[PDB]
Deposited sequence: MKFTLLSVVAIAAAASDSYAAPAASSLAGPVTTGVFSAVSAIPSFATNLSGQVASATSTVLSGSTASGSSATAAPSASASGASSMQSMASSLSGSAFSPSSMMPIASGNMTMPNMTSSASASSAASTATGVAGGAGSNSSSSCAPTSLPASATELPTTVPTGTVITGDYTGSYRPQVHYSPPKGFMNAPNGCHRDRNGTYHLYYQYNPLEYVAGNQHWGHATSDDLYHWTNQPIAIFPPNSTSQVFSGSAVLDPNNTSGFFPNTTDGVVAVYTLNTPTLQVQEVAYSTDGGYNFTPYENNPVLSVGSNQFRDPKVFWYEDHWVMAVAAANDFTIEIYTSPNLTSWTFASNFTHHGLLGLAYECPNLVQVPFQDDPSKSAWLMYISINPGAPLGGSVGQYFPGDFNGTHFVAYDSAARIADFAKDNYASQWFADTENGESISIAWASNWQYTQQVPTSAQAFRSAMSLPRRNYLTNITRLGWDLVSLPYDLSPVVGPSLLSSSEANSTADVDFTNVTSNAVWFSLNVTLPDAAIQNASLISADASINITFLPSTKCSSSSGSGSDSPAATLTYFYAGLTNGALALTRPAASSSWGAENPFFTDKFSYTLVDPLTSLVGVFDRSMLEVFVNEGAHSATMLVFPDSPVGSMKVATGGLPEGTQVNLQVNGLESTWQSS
């Protein structure tokens, strides 16, 4: 009746030697184990790597993987595949360190259909991985190739392909621009993204530096240079430099930021000197965009944790630490006053959407949704609010108490007290007009209350009224999307008791305000 809080030792015990060419079996039943998010069968996972789509339409996810412990280290590339970015199949480890004292750090993977590399005389489905090898004294860029569709990789003969004599030089993102390969790589502790060019992915020539932009934190990491379409006009696009920083994010630890601008194949130039943060909570880092997607599609995935507590979260008794974000569709838009904005929406959820739990059109009411019978313990919800045009043209018509309150409440059935696991509060007017508060109350979680970095409360302030809100709760994760993904937050929750229900309350809304609420159970992908 209740998901296990602890698993048998056979499920959690890690091997003392790394398995080659065999899939690692995982038990995906833990009470904190997400059912629609990727997480590794066992061990520690961080940043996504080598994200690309085959011509056969299979999505390849690789990731920083420690197969020997529940903390960072011994980095290999784990591998999982999906046709829909929700139903994941675990694959054997894809990239190994040469020995016990070296590590495979982050990188990217590209299709080389025209065999510019020379690794692929007999296939048009060749994959090239470009990644950082970490030694005690250096970080260098290395190349590996795969003829079997990205499952098994062979080291390049003349590795390494790029060194600057530094041990802070990592996370290469390779892509095709017109007539050559581009590499974005971080000179991490110099707050510089170095852009290199190559015709064959093995011989790299310096092109330009992008330095000391936006928030510095303590290091630039996981650079992504991508073309992102406009939300309102698919035919228009702009280039985006996305940079992860860790430590030293404003909320503490790790965070991503972005710069809209122009790229001409050698040089990126930001449109302005403004700093812009992607997510208004703490648990979204090291976004990578999928290479070789179908026309127009900006698809990204991120690691749904924070370096300040990722190695301490109480999920190791359930055979894992860390999960990816929902896969995201990305756009650029202009929002009122602020201008440039990175839009993030969940990638098509239809394959995991189960039956309706509640449909309601009631304004100024409270809706109670029990989902103790939803075995996934995962729900999707949508809330649309349409203010009368009177209230839109004159905001002072709105009463000070006009609000939306969403609370996730502990199960009575599966228990061990009454604190919500998660809250969302939005005010249309009053003293905190446009303020959205997202909380994981300290009282709900013994582990959370004690961890000195596990921040309880997050906020974003809208200029425009809240018109749309989409949410996914998945056992130990809440993701929310506001105003068609204009604003986005990823938040981990570790409540003592599993979530059994949610309450959605609207109050003090102007006469003629329309409210539409839909809640659906999600189907487990494991």
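> Where are the holes in the model when you compare it to the deposited sequence?
Seq positions lacking coordinates: 1 to 141, 558 to 562, 673 to 675.
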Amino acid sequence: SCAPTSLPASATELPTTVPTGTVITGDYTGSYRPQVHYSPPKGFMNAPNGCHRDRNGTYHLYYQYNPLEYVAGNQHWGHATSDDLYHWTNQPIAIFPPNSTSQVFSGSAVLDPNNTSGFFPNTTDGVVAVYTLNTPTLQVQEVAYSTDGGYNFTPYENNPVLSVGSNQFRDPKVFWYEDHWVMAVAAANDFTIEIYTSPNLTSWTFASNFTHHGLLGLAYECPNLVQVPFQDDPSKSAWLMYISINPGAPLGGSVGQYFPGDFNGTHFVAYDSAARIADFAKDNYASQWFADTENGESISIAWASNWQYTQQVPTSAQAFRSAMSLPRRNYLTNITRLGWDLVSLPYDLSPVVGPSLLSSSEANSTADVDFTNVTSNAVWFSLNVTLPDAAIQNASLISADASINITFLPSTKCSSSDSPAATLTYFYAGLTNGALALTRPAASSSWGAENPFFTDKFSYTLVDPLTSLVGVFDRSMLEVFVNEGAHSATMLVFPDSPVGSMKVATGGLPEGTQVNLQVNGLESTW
From here on, numbers count along this sequence of modelled residues.
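> Using the B-factors recorded in the PDB entry, average over the C-alpha atoms of 475 to 483 and of 62 to 70, then report which stretch comes out higher.
Result of the comparison: 62 to 70.
> Tell me which stretch has the larger mean Cα B-factor in this entry, 120 to 128 or 254 to 262.
The entry gives the higher C-alpha B-factor average to 120 to 128.
> Between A323, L218, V164, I301, which one tops the list for Cα B-factor in this entry?
Answer for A323, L218, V164, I301: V164, with the highest C-alpha B-factor.
> Checking the entry, which one of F427, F210, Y177, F454 has the top C-alpha B factor?
Highest CA B-factor of the listed options: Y177.
> Quick check for you: using the entry's CA B-factors within this chain, is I404 in the lowest, middle or highest third?
For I404, the deposited C-alpha B-factor lands in the lowest third.
> Where does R440 sit by CA temperature factor within its chain: lowest, middle or highest third?
Lowest third of the chain for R440's C-alpha B-factor.
> Place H52 in the lowest, middle or highest third of its chain's C-alpha B-factors, as listed in the PDB entry.
Within its chain, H52 is a middle-third residue by C-alpha B-factor, going by the deposited values.
> Hey, what third does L517 fall into on Cα B-factor, ranked over its chain?
Answer is lowest: the recorded C-alpha B-factor places it there.
> Which third of the chain holds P172 when residues are ordered by C-alpha B factor: lowest, middle or highest?
Its C-alpha B-factor belongs to the middle third of this chain's values.
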